[PDB]
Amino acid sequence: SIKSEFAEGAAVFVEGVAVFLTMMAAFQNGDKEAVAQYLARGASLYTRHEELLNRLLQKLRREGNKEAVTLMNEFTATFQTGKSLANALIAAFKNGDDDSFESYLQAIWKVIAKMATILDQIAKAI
């Protein structure tokens, strides 16, 4: 259903945020191996999340839920362009570039806060 698939996608989001937080703390501790592992885990969450968001967006469009479709457009535009920041974070990791890595952590955290706010709004529109 729209409600159950929304909730499952929210759960993947929550997992993504949990991995992100552990990757930030691993960075602060200098733990190259843990960062590498969490980067890899975050990327497999992208594939699953994208499948869930696309199907839900289809389903909302087809029900004609204008408010929810508008909000999901905001969420999915943010998700898709956010991939560029994630790729830049990976690039910085391969470059052993701590300054850039830290700065893209900050940027991705802001994207996550914006996504969390939109998700709260979508919950109330379905």
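All residue numbers refer to positions in the sequence shown, first residue = 1.
Engineer: Quick check on the record: does 30 to 38 or 74 to 82 carry the larger mean Cα temperature factor?
Structural biologist: Averaging CA B-factors over each stretch, the winner is 30 to 38.
Engineer: Based on the entry's values, in what third of the chain does the Cα temperature factor of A125 lie: lowest, middle or highest?
Structural biologist: Its C-alpha B-factor, which the entry lists for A125, ranks in the highest third among residues of this chain.
Engineer: For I90, does the deposited CA B-factor place it in the lowest, middle or highest third of the chain?
Structural biologist: Answer is lowest: the recorded C-alpha B-factor places it there.
Engineer: Divide the modelled residues of the chain into thirds by Cα B-factor and specify which third, lowest, middle or highest, holds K66.
Structural biologist: Within its chain, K66 is a highest-third residue by C-alpha B-factor, going by the deposited values.
Engineer: Please say which third, lowest, middle or highest, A7 falls into when its CA temperature factor is compared across its chain.
Structural biologist: Bottom third by C-alpha B-factor.
Engineer: Name the third of the chain's ranked CA B-factors that contains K59, choosing lowest, middle or highest.
Structural biologist: It belongs to the middle third of the chain when residues are ordered by C-alpha B-factor.
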